[PDB]
Amino acid sequence: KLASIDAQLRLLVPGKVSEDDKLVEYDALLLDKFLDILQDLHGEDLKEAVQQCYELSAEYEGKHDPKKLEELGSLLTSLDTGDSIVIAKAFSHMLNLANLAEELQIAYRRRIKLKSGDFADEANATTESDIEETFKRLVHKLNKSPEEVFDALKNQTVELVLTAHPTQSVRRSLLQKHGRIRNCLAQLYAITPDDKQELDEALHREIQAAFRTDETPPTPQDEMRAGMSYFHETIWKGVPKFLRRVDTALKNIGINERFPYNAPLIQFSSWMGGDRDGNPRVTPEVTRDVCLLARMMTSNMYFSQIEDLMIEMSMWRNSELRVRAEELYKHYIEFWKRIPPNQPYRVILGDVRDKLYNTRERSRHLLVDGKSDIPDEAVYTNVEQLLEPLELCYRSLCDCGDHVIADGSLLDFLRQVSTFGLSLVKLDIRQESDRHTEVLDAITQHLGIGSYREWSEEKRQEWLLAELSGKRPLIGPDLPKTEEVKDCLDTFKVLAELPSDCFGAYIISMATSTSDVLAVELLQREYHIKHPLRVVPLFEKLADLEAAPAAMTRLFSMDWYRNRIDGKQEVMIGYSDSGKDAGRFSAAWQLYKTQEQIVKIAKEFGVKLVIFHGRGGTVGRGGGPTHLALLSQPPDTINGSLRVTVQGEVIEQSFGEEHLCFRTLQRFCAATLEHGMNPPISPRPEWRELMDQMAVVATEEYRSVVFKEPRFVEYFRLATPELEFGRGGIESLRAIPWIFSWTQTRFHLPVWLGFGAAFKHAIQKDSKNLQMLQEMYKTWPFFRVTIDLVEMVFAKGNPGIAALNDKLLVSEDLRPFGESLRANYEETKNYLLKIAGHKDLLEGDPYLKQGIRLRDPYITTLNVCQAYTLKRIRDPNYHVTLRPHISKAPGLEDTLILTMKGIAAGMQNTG
Amino acid sequence: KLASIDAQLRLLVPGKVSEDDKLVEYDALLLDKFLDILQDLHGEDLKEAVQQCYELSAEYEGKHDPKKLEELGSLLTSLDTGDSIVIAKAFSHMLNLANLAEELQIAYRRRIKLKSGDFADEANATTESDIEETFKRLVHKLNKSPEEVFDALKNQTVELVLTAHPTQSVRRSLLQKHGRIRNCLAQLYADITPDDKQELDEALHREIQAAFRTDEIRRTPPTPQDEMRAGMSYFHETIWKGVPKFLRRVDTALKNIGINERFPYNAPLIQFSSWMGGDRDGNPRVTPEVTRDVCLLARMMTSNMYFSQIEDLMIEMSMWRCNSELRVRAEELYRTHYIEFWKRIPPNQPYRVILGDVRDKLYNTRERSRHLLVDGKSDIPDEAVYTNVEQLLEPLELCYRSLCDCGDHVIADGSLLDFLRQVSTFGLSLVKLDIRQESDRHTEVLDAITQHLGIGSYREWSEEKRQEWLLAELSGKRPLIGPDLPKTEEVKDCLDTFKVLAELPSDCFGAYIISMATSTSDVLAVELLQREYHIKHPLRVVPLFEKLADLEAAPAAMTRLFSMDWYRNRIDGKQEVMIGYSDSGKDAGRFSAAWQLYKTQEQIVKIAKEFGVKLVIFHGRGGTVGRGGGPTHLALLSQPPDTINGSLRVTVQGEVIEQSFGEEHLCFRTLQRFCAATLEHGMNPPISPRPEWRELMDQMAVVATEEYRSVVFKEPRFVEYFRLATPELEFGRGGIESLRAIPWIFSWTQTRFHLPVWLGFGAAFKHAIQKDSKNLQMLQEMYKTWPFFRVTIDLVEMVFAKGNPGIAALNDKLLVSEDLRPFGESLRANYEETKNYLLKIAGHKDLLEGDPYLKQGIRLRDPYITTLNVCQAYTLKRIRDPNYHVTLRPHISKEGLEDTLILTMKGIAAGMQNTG
Ligand SMILES: N[C@@H](CC(=O)O)C(=O)O
Ligand SMILES: N[C@@H](CC(=O)O)C(=O)O
């Protein structure tokens, strides 16, 4: 029955049916209910068709018989456009279901009571240290006093920077539906029979509601609002829950005070409407809009919880607040008459409410009108104005003997205010160096002094330092401006006009020089920005990384810059970007080294350095693995301040479920604290040498395939949906489409290519290297974590899918090239297994393996569907006999979009 | 009330109060009930006194405030002889209670579901591989086919040799009481109606009391015969049934890896043996008559056990369908004073007709042994009795086949298969007896012969001359011993031992171990004495090489034996050699013995191979392999490559038998890990040491042995210190070279100081680290990566957890003269430095942080052990110094010193269990 579907699913994932392992059951239950829904909505035949795709696809994943893939192919090419959309919709939705189930399983999986203490424990959610356990290791194993631990945490800073979903920001409505499905599932395993019957019917109903929210592309403004949804869903509440647990952990190590409510321990930021790199749709107007939206939403969140705080704050008992209440003494849900003065905390909070309302309304009018007449004194323009009256309530309760009450909801609110400020996320701006060069070259030519672009690096620096202390402005009204130059100058206009608490960093993409950084500083001074954004270079190519040290050295040598920077500098690294240039192995090692070198240079100059981790690192995986990934960082690269990218495709895993949200915040904080007092071992010299030797080879293999093979590009454009995803060659292609196109094929070339040659050569040069590599794997956190990510990527790989795409889409003369990349994949995988000490992929993480494995049949169905869809899109003369319509003006591009989104939702993070 | 004692116990063992962790509760409950008992039996004041010793002792262990030890001292020296016995009795009994509770805790502790696969997992009961998981690692990780695994297990042999409790063999009656206490405790945590709880509470109470009042200490120590019977008790209690339970699990594991047959009932996988009444080494009370007696007892008990279960098998075997082979046999027997089948069996009950005959035969076998034992002879003839195991199997195999042939395979594989396995494992004698005697006794015997024959003095002869004469007489054409040979009592005792071997059936015996073996000739000497007595089936001769120098000369000695045609022909492809960790460690220090023993086994393995001889290394006491529990499992897997090779033979030390076999689950798991580890090791050897490691180990051995020997043998006043700091002399009821290993370990264990286990490790580590700072890291890698090194360090770490330099310091204040105290002081500094070095090498801050369940177990015992230590210390002052006086309190109990000391010594030994 349900028993039958359960049995089916267990053939792919068998063995240890323990008591907290319910994942297969959850999946069975959801799939069962969804198959009924499909029958009701679309008819028995369609249900049977979906069931048959699933079955065929399961059998192919079980035994890997390519006849099975071909059968599923036949079935799928025969479907008319309409049936084909329903099938793609069905399997995408099954994926979202399996992901909700898996989150529930990770949320309730049992922790290991006794931990071995090896660093490997920190790779796994069930064994990793929580905040208390981290405190205790630091006190007992590293001989820190509890006070020292407390003091470091007080000064610590963790900043999570949210980026756009590369394929599909899940809309607010749907995400809530996903939440309720998950909750109904949870509650079903808590239970009276009638409750079960009712929950059962409520589950059924929510699965359907989700499926039928299934309606061209979205505005960046809307993409921003969709990306902010997780605040409401979890983070908003989660921050105070986690800070409260810090309090408890501090108490359990002998610290008899709460973690101060205004320690800036957690900060969130955003690139959404800020990053315009290679993206001219992100205009100045978009930037202004998302700043106002962030401000609107934050005030609105405070406003919509302040009435609850006012109810709870009924107390009648200090003179400081008494006085304020007396001074102060309509269209709202709760306190719509004047508050009486015998309710003093409500008089204060009543004023805070009104002010919050006015702050929210100004932003709304600024947004939809263009201006508002609402004045500064009616509104909060700075976060201290909002804290102040809340601190007053806190103190008044303490002075009147009610400390204990103060530390309830009021303390929660104080923390939310301190963490989220007036703008939930501070926005980073990002733009590429060449755009700044263009802007300056327009200025220099118009001024008649030559062409900045033609100038040497020394000349650029000399001219920029002279104009950074210039007495005249640079830009006259008659400066002629291309659209691109205007768009870049008007971005600074927007920075000059919006409050500084809207913004974080100005990241320079494709940075290579001292002058790139100075260029942006000059444009900010020219716009007279009261509080210039800090300037952060992103060095992308290997060569750029190699030139970064000399570039920072020079910046830090310049009096004007040192004085401006005030002891602090941030530098950004992008793992996926560097891996596109050099292969992932060589980018990993180079990035390790570069960070060492820049840390040393910072120290020498008495500058505190923050490394901002862009996408594609081990640290962006989420979950347990992020925890060891953080502790693997080179010594002193964190030093009390973490700034990391939370990748769009991981946001749901990290923050969709309340427990996972809590644990994400916890491991980021725990890991940051620990690393500064307990660095991973530094590598043995033999390891460096071998890693250098392996980098040279890995880069040679990767580059010879990706850049020197004259037909690589052509192979890429056929074997991969890259071109269709649009809706020079590889050097010019951006990192996201690179990773994505190969992830859609289940092949992942960008992640593993180069590791094969590195290993083969090392082991062939000297047999003893195998053992050295294995020791590196057991003992060197950096190496372990590097290998693990790639191992996780191979578990999501299926060379049979790549083969099928070759048969359908690649011309015959390219097929053997494809075949040879598949042999490289196999050989690379096997070398990685031998180094990891494993027979099977992920035998060190069987819960992850199970999760990925349950997804495969669904993903595979979408892959097969996609492959034929691309055949049809690409070739209007390919046709087959379509079956008479099975279901009860929408095209092939629509089916492909569903396919791409479904695969990406099942593939989640890779490289 | 009970909540109060619980709180008190948790201060010593705090933290992770999970749901299967009930040890503290068990202990609180037992202590609570026992305090009531003490009130009833001896009065409130005595209860308060016991409570106050406990409390004072708990606080001392918690915070180690020496004021608290001094208070306990004052209290304990004030007690008259009578009060003092009651207190010592009370605290010993508490220990026995805490051990029962701890067993229950180990029995029910939850297994880890997901194992990391590191070998460290096999050090711990909760993570170690069971038999199925061992099968699956061998199939999937070492690429063995299931058939290959099955075939190796079929050919495998695991032999456990049981030795006497060195301090006190627990009598059969008391052990059963301990069992029922444990069961009542178990049942209290099952379900539970309030009246059941009230009834179990009252039953628990009553058993604790029964056990406490089985407390005669008698003038005569126990006869070796009685010591043997007490040592056999565990068979009835657990092992008898446990063997078939475990073999059945092997069946289930085999099935789960795709083998569709049961493990054959007659594969000799498990064998038990004994030294009790067989070892006469340094022990003239173990006479020929004793040996004869325990063989007949072993025979009597075994037949009795079969006899007393055969009636149950007969009831169950009601079936009427038999094959014609059994039909025919039944008809014969139907032509030609018990509990159950006392009328003639009818022939429509064929299986009963067969088993009826087996019963009668068992009875007669049991009775012959009894008459042989109490009369001197019996008229009962061979055909009325079983004289060989195949005769008992035969009719049981017939029943098995008949059921199979009639379609009832499934029934056959129940009780009948269990019985078949018991018969195949225990044979006609539950345990085969090893004989052991020292080489010099044989020399004495041969020297008497040679002088009396007028051909000179065997003792004066060189090794080459010994060999030459022995090989000529081993092919001699006349006997050596004439009627007029004059015989010292010792020579007679040794000759008459061979008489006893000549006369008893060969299935009574296993090995003739030669203690203090050094030579080829030592082994040939025993072989000549056996041939002279015309023993139809001579026991195999097994040398025990004890000193470092002996271990170093063993290779050349085995080479020579294996080179001699006469010996090779006699040995028929098989040789056993014995090693004794405690013995070697007495000579050379435990570190250097551990390393040397590792090397010597490598070298003898190689030599055996070269000569095409299968080698069994028999592990004497004192090794890592003797710890029991989880640690035994990694200990076995740590063995040097090919030192097991399908055949394990290890000592189960008397002080560990209770832990290994008293509780049914622990019994099962002991049998399982001995079988799992043995199978695995032959197909999955531990890594061999890197050359740097050997070099360092060699360098460290030189230094450890220098430190150990300079303290133990060259310090002129060491012996004198030892006799005052330690109860060695009183335990009696040359110098150290001449003292036996058991009293050496024991005497320092009684002081909580354990010098024999750690002495020498300090200098080894210090010197390594000072020679080159990089050695610290090498040592740490060895610890993480080299099983042998890990397991060697762990045992010493476990010993330090049992240590308390404060108790040692107190014994010095009370018993050592002023001019020797600084010597004691400097040994304590060595203990600190050694412990700290070990911790640094293990990567630990606290002792046993890698094994917190063990740490908790040892820690819950300390308050009791400490109370006994303090009591012992002042008792020894009183016994030794009649110018020490104290104001005794008026008698506290309601309703001398040597007796208190005996209780003290036994209680401390029970709580210390195994160390070195
Ligand atoms: N985020 C998971 C992968 C996944 O669930 O897709 C990991 O990196 O381990
Ligand atoms: N048998 C334990 C020690 C003990 O329980 O006393 C061990 O060796 O680990």
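Whatever order the structure lists them in is the order used to number ligands and atoms, beginning at 1. Letters A, B, ... are given to chains in the order of the sequence lines, protein chains preceding strands, and every chain is numbered from 1. What's counted below: heavy atoms across the whole structure, side chains too, no hydrogens, waters or symmetry copies.
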Numbered in order shown, the ligand 2 atoms found under 4.0 Å of a heavy atom of B:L854 are 9 (O)
The residue among B:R111, B:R109, B:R673 that forms salt bridge (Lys or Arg N to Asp or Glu O under 4.0 Å) with B:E128 is B:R673
When only distance counts, is B:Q913 in polar contact with ligand 2, meaning an N/O pair under 3.5 Å?
no
Closest to atom 5 (O) of ligand 2 by heavy-atom distance, out of B:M798, B:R627, B:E102, B:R861, is B:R861
Taking the ring of A:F755 and the ring of A:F585, is the distance between their centroids below 6.0 Å? yes
Point to revise | Electrostatic pair A:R746:A:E61 at N-O distance under 4.0 angstrom | key: yes
Any heavy atom of B:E797 under 4.0 Å from ligand 2? The part involved is neither
Any side-chain donor-acceptor pair under 3.5 Å between A:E652 and A:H178?
-> no
If we number the atoms of ligand 1 from 1 as shown, the ones under 4.0 Å from a heavy atom of A:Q653 are 1 (N), 2 (C), 4 (C), 5 (O), 6 (O)
>> I want to check a possible cation-pi pair here: B:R621 against B:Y581, using under 6.0 Å from ring centre and within 45° of the ring axis as the test.
In response: no
Fill in: Ring centre gap for B:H665 and B:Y108 strictly below 6.0 Å
yes
**Message:** I want to know if ligand 2 touches B:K802 in the polar sense, i.e. an N/O pair below 3.5 angstrom.
**Reply:** yes
Checking heavy atoms under 4.0 Å, the part of A:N909 that sits near ligand 1 is side chain
